[PDB]
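Down below is the structure, laid out as structure tokens.
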Amino acid sequence: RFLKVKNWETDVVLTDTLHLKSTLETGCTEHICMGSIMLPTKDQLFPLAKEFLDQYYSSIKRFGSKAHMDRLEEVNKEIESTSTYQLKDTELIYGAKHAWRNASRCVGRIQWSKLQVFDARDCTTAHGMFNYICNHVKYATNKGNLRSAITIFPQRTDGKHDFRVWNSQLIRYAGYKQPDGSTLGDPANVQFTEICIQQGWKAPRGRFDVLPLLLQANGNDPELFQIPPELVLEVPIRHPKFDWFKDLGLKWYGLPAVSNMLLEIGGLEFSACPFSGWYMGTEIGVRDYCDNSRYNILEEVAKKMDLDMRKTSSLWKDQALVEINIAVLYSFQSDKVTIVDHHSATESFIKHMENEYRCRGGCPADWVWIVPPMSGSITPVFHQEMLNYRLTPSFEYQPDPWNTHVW
Amino acid sequence: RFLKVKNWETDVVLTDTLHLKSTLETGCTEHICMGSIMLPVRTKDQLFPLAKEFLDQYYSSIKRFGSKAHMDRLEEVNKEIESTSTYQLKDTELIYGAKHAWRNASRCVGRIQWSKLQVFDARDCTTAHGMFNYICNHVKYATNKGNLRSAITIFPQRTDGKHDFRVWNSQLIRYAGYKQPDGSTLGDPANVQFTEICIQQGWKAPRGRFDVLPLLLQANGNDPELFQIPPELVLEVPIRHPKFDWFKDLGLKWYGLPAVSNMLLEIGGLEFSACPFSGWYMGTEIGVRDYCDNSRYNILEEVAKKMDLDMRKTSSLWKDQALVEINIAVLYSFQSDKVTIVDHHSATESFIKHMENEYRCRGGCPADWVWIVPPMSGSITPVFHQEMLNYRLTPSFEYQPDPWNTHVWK
Ligand code: HEM
Ligand code: HEM
Ligand SMILES: C[C@H](O)[C@H](O)[C@H]1CNc2nc(N)[nH]c(=O)c2N1
Ligand SMILES: C[C@H](O)[C@H](O)[C@H]1CNc2nc(N)[nH]c(=O)c2N1
Ligand SMILES: CCS/C(N)=N\c1ccccc1
Ligand SMILES: CCS/C(N)=N\c1ccccc1
Ligand SMILES: [Zn+2]
């Protein structure tokens, strides 16, 4: 059934058919919508494999070719024998790019095809993983001129020899629960910060301490590693009009690299597949800095701005929030570290969405996640109806490693 | 069955059972979510179960479920339906129903006030002039000199669908929009189509930037009639900034009473096509949407320009910066004229408390995240971090086709 999506700001109506190819379930039903809920075998493997291969070959205009047919048979036999199979470089690359292309929560998918894929499937040790990771970080940071990339470690076999990167992101700050009962650093990592200490890491107990990597190879226990400080590009945060801003003592890293998700291609699962792009300003300025559960810096900034924090109606939080995000973007731009603001990113997503509709016949999108956490209605995506649904290859959530590892 | 909902800022988890009473569709399937889609007579056989459901609810609320009064009411209604095909609600049932349609509106962030609603029974009204008098009284009562009071006026329910009472305006009070041959628009762009219909019907448009539109009223299915709301009844607020003396020179102002008049009210199968209802504004509705939406007044550039902001590149956040001041100004003004209004921080915080309270005494609170989260500063308000469950419950307020596209002119 054809589904239509209207943008109420421009009246443009796009038609969606791509959803017909949906596989998984949204979590919603005809009776209840869960759009705002954060997270709602051989016989199993060959169908998924076939689906993927058909996708791959149709994309290269060789749907049905002997090549297509040959490969299909090849995988089938392989699965019957090895109870699994291995992707060819080309299919790996394609799968990775398409997992991104299909990430309904990502606002920067316009860059989907421009992804550097690093095949780390020959890795065997945590030291090896560290090596692959370091090179990834260096290639991606590229001295401020960031470049999207993903490193793919060995795919899952029996689940007991799973490769995993225990960090949620390759680069994140430590979080410690102090005497006061308060939290020093990033509250979002307090637990992990502990496990690292509980492993041997010597925590510096600072506001912005870069955590160590906890790499797991072949189901073995995780080992710690320190990313070469020279490889971790960081930006000090200063305001374009408030010279006192520098006194807040804030900084953030330039490389956002997700490392706790699972990449699924043709039924195959890769539990260790760190991938990175570049920051949208609000991510740091609004969420990391102002989220109550995070660095929660609104109070301070408000104080230093000397404004009435007596009544919410003064919108002093909104006032502060803005300047702070002015300072994030400013700092990044000044040090020449790639960064995008919510206005450009959202506008770019609209264009991308428009291309995806005429080239794909659709674009899965999660409105709740796409709309920036600030100035929602003044960005285009706020007025854009979206259709959310799951498509593979895909990136998926997965249980925290420490919550399931057999030490 | 049970459904857990979590708030990622407090880790508070709530259990929902109320959704088990959801009947109507949501537009979503198991393979697709249409959460961001704006908007995805009855026969006697379909009518009684609806009446029964409602009455069982009503009676259970007054703690008289199964009583004789309850049993006889069902008997009386069933008989009435079989002989007249419809049925008349008792004043108590009408009041109960109206409050619950509000209570069940998942897109409303101000439901904490749901129980405090003044219901005006206009079911004896028979003409447009009659509707005009009723509407003037609703406006006067609700405005209350700036100290707003929630209210709803209910006109005759639908019969054969050929004699509907309808208020053609989307809101009782709204500004006219005029499209110039220039291609530009004067006034509110969102009311252009309706403005035209009024002019065509005989309205003498002042052709200004803030002209209060006339009421177009349709009684008993007859052609609509024009009426001007008494000016002294229309409370308006001039918008000025607490620190920007030039703000007042922007020539901005807005009316104080938001009163929806194009929605349909459903109570026990009965349909009330004309049920204007009003409450009070949350600051962002005027300051963010009415003033800054590109397709509305669109005053961001003029405010930014006068604020002397670097408008060379979006990354300077001039739009965001100016948006906050514009919203600063709306709140300040309304407060200076003692006209009720609530900011998005207070409104959303109250909603959270209301929500939790609804889970503990009702077993849930249907809520549409996309509409509940404010159009600005989203994540610095608690609703952003709050998982919500959206499902439909009756009584309810529904959208309905524009009268001008269905009406059979006489
Ligand atoms: C090139 C620049 C990129 C930008 C500006 C961008 C921006 C964003 C933003 C703002 C979010 C929300 C993050 C959050 O709230 O936690 C997001 C989500 C997402 N992005 Fe992108 N993205 C980019 C690159 C990537 C890449 C390279 C991939 C994968 C190859 C990707 C995969 C995802 C996924 C899976 C999500 C959702 C994660 C989740 O569900 O928690 N993104 N992106
Ligand atoms: C007491 C003050 C009230 C406040 C602050 C409040 C606030 C709001 C706001 C901000 C919206 C979104 C409006 C938009 O974006 O267009 C909304 C939606 C809604 N409200 Fe309330 N409300 C109040 C009273 C009422 C009353 C009295 C009723 C019903 C009796 C009501 C019924 C609804 C409905 C039906 C919607 C959704 C409208 C739609 O779907 O288009 N509200 N309210
Ligand atoms: C409860 C709600 O789902 C939650 O707060 C979501 C809303 N939208 C979001 N959007 C983005 N981009 N990132 C997030 O972490 C969230 N959190
Ligand atoms: C397309 C999207 O559903 C649309 O822009 C919605 C989003 N949330 C909203 N929320 C409120 N309160 N009011 C609106 O008009 C909208 N518009
Ligand atoms: C791949 C980093 S792309 C980015 N800007 N941010 C994200 C942060 C957390 C999860 C997903 C995306
Ligand atoms: C009933 C006025 S209550 C209010 N604040 N605003 C609304 C505006 C449009 C639709 C619904 C509510
Ligand atoms: Zn849904």
Side-chain angles (χ1 to χ4, degrees), chain A residues 25-40 95-117 136 140 146-152 168-172 188 253-263 273-288 291 294 338-342 344-346 348-349 352 364-373 379 381 386-389 393-398, chain B residues 8 25-37 40 368-370 379 384 388-391:
Chain A
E25 307 179 304
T26 63
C28 297
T29 65
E30 304 69 48
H31 281 294
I32 193 177
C33 178
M34 303 196 115
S36 69
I37 303 299
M38 208 118 229
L39 30 70
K97 288 184 183 180
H98 281 256
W100 183 5
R101 190 178 193 178
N102 302 324
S104 70
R105 283 178 169 175
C106 187
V107 74
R109 284 177 280 165
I110 192 186
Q111 298 289 306
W112 80 274
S113 66
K114 304 186 189 69
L115 174 69
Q116 181 64 218
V117 187
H136 176 132
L146 309 185
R147 292 174 291 178
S148 302
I150 180 173
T151 297
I152 309 173
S168 53
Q169 288 172 41
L170 304 178
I171 297 173
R172 299 207 74 179
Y253 46 89
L255 186 68
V258 178
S259 54
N260 68 346
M261 290 186 79
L262 163 41
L263 169 63
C273 58
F275 57 76
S276 69
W278 52 79
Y279 272 114
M280 181 166 76
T282 52
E283 291 181 77
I284 310 167
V286 178
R287 304 306 305 290
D288 297 319
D291 253 25
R294 301 295 296 295
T338 301
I339 198 173
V340 74
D341 54 289
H342 50 296
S344 314
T346 57
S348 277
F349 179 75
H352 172 64
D366 185 340
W367 197 95
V368 173
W369 268 66
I370 305 291
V371 178
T379 64
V381 292
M386 291 167 194
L387 279 181
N388 196 194
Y389 50 91
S394 73
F395 281 115
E396 303 292 329
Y397 286 164
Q398 78 186 320
Chain B
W8 304 76
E25 290 183 58
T26 57
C28 304
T29 73
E30 313 176 300
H31 302 315
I32 190 171
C33 176
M34 307 195 317
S36 68
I37 305 298
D368 182 333
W369 196 98
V370 171
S379 65
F384 186 88
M388 300 178 185
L389 289 177
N390 197 193
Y391 48 87

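Throughout, protein chains are lettered first and strands after them, A, B, ... in sequence-line order, and every chain is numbered starting at 1. Just follow the structure's listing: the first ligand is 1, and inside any ligand the first atom is 1.
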Discussion item. For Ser276(A), state whether at least one heavy atom is located under 4.0 Å from any atom of ligand 1.
Written reply: yes

Worksheet item: When you look for heavy atoms under 4.0 Å from ligand 5, do you find them on the side chain of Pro256(A), its backbone, both, or neither?
Response: both

Item to complete: Test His31(A) against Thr26(B) for side-chain hydrogen bond (donor to acceptor under 3.5 Å, both in side chains), laying out the working first.
Response: CA-CA 6 Å; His31(A) 281 294; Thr26(B) 57; over 6 Å; no

Response to the item:
closest protein heavy atom to atom 12 (C) of ligand 5 is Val258(A) CG2, 4.0 Å

Fill in: Residue, atom name and distance, where the atom is the protein heavy atom closest to atom 32 (C) of ligand 1
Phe275(A) CE1, 3.7 Å

Item to complete: Please identify which atoms of ligand 5 are closer than 4.0 Å to at least one heavy atom of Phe275(A).
Response: 1 (C)

Discussion item. Are the side chains of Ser148(A) and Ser276(A) in contact, using a 4.5 Å heavy-atom criterion?
Written reply: no

Worksheet item: Once the angle between the rings of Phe395(A) and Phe275(A) is folded into 0 to 90°, is it parallel (under 30°), tilted (30 to 60°) or perpendicular (over 60°)?
Response: tilted

Fill in: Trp369(B) and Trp367(A) aromatic ring geometry - parallel, tilted or perpendicular at 30°/60° bounds
perpendicular

Worksheet item: Counting only heavy atoms, which portion of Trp278(A) has something under 4.0 Å from ligand 5: side chain, backbone, both, or neither?
Response: backbone

Discussion item. Main chain of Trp100(A), side chain of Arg109(A): is a donor-acceptor contact present, judged purely on distance under 3.5 Å?
Written reply: no

Worksheet entry | Residue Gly277(A) vicinity, atoms of ligand 5 by number, heavy atom under 4.0 Å | 1 (C), 2 (C)

Worksheet entry | Heavy-atom nearest option to atom 12 (C) of ligand 1, drawn from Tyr397(A), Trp369(A), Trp278(A) | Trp369(A)

Practice prompt. Work out the angle at the Zn ion (ligand 7) between SG of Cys28(B) and SG of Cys28(A), rounded to 10°.
Written response: 130°

Worksheet entry | Around atom 21 (Fe) of ligand 1, number of protein N/O/S atoms which are nearer than 2.8 Å | 1

Practice prompt. Look at the side chain of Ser259(A) and the backbone N and O of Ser168(A), then say whether any donor-acceptor pair between them is shorter than 3.5 Å.
Written response: yes

Worksheet item: Does ligand 1 have a heavy atom under 4.0 Å from the side chain of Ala99(A), from its backbone, from both, or from neither?
Response: neither

Practice prompt. Identify, for atom 7 (C) of ligand 5, the protein heavy atom at the shortest distance, and state residue, atom and that distance.
Written response: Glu283(A) OE1, 3.3 Å

Worksheet entry | Heavy atoms from other residues, nucleotides or ligands near CD of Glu30(A) exceed 12 (cutoff 6.0 Å) | yes

Worksheet item: Which residue and non-hydrogen atom of the protein lie closest to atom 13 (C) of ligand 1, and at what distance in Å?
Response: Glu283(A) OE1, 3.7 Å

Fill in: Considering all heavy atoms, the nearest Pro372(A)-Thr346(A) contact
CG-CG2, 3.5 Å

Worksheet item: Would a 4.5 Å heavy-atom cut-off, applied to side chains only, mark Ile370(A) and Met386(A) as touching?
Response: yes

Item to complete: Determine, using heavy atoms of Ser148(A) and all atoms of ligand 1, whether some pair is separated by less than 4.0 Å.
Response: yes

Discussion item. Under a plain distance cut-off of 3.5 Å, with no hydrogens placed, do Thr151(A) and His136(A) share a side-chain donor-acceptor pair?
Written reply: yes

Worksheet item: So, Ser104(A) versus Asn388(A): side-chain donor-acceptor pair below 3.5 Å or not?
Response: yes

Discussion item. Would the distance check show the side chain of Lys97(A) and the main-chain N or O of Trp112(A) forming a donor-acceptor pair, the cut-off being under 3.5 Å?
Written reply: no

